[PDB]
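What follows is a single chain, given as structure tokens, in the form deposited in one PDB entry.
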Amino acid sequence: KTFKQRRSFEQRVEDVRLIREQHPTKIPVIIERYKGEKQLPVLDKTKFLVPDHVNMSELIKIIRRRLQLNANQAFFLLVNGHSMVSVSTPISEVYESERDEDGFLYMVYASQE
């Protein structure tokens, strides 16, 4: 099951609230692999606390590194269900406009965009 099916809306709002109290400077992010994905591996965890000062470009590099990919492997990251308009935008700005109602910022990745 996906993160949203795993935890109730109430539980998600609560997780976000706790992250605000304990990690004020981090953006609560949910990163999941596309269900049809075959090449790309699954991450070790689902929710991440990303320093609010990094832009999407750096986050992509971070994710690629956590996945231990090589320069030849394709990587595409969807935010709030759609592709990113700008990769130079600070995640703090991205959060304010693409955040889910429960408070988390959802991302999905796959080999083909």
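One rule holds for the numbers: they count along the sequence shown, beginning at 1. Only the largest set of C-alpha atoms that superpose within 1.5 Å between the two forms is called the rigid core. Residues that one form lacks are left out of the comparison.
This protein has a second form, the form deposited in another entry, left out of what is shown; the following refers to that one.
*Asks:* Which listed residue (87, 49, 42, 74) has a Cα shift of at least 2 Å between the shown form and the other one, rigid core superposed?
*Replies:* After core superposition, the single residue displaced by 2 Å or more is 87.
*Asks:* Is the CA-CA spacing of residue 86 and residue 64 tighter or wider in the other entry than here, given a 3 Å or more change?
*Replies:* Compared with the form shown here, the C-alpha atoms of residue 86 and residue 64 sit closer together in the other entry, by 3 Å or more.
*Asks:* Closer or farther: the C-alpha atoms of residue 86 and residue 96 in the other entry, versus the form shown, with a change of 3 angstroms or more?
*Replies:* Farther apart, by at least 3 Å.
*Asks:* Could you identify the runs between the shown form and the other one where three or more consecutive residues, present in both forms, all have C-alpha shifts of 2 Å or more after superposing the core?
*Replies:* Residues 80 to 88 form the sole shifted run.
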